[PDB]
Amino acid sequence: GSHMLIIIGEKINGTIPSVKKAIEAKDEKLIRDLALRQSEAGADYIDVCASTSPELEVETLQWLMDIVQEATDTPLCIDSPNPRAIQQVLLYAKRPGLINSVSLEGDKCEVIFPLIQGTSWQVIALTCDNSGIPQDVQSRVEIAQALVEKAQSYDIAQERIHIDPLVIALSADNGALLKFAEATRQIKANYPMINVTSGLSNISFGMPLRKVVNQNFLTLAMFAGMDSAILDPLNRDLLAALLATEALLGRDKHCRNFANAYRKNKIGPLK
């Protein structure tokens, strides 16, 4: 039961020097422009990540959430490695979006799951635990099962969950995409209504022409069954690959979306 890839726009992230500077400077215009441009490029969710010191995170996420929601109604994806921070900002969202993320580490599921029980929030769940990020397929598939079982005990349906198998660098494991595809097959076999999600950038660390590698990884992971991804939709070459691959996978009737993005100059040479 296939569907277009769900795009989580990654650009409002304080690890990016220009955004860290905008947060320090309180430059709303930059954040507003990234929210709007990503929405216009087709993002389904706008990721927001403070990447500041811990005791500034909550107030910075609230500031980012305010600016994004003034500019656009595209729902938020709240990105924090600190579940307490997510808890403290969830009420600032005007509508339900995505929480990024829970995992089996520490008390992430004990904090976040009661937080979204009975709501329409969706959640990204990473296949990692207190021992770290496993490289092998079996361990990640077992973590996903445990996460889905813990979510079920708060009445969170599989359709609300996006499992992120945390693909590692191809230079660290040349089987990284093969394992990604095999974990995706096994997870979806167990849970046919679940989503599988990934970032695009980790795969190319340690290789030249990262943008080339990331774009080929996207195409392969889409064919392997990826449902959502955290990516940069302002990258015109990546967007042309995404839309060509949607048409090649039979998901763009009469190739109309591809033809329209070309006609509007969203992809191809900048006119």
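Note that residue numbering begins at 1 and tracks the sequence as displayed.
- Higher average CA B factor: 143 to 151, of the stretches 143 to 151 and 73 to 81.
- Mean C-alpha B-factor is higher over 262 to 270 than over the other stretch, the pair under comparison being 4 to 12 and 262 to 270.
- Looking at 118, 96, 199, 165, the one whose CA carries the top B-factor in the deposited record is 118.
- For the set 228, 214, 235, 51, the maximum C-alpha B-factor listed in the entry falls on 51.
- Residue 131: CA B factor lies in the highest third for its chain, per the PDB record.
- The PDB entry assigns residue 35 a C-alpha temperature factor belonging to the middle third of its chain's modelled residues.
- In this PDB entry, the Cα temperature factor of residue 204 sits in the middle third of its chain's modelled residues.
- Annotation for residue 90: C-alpha temperature factor in the middle third relative to the rest of the modelled chain, per the entry.
- Compared with the other modelled residues of the chain, the Cα B-factor recorded for residue 46 ranks in the lowest third.
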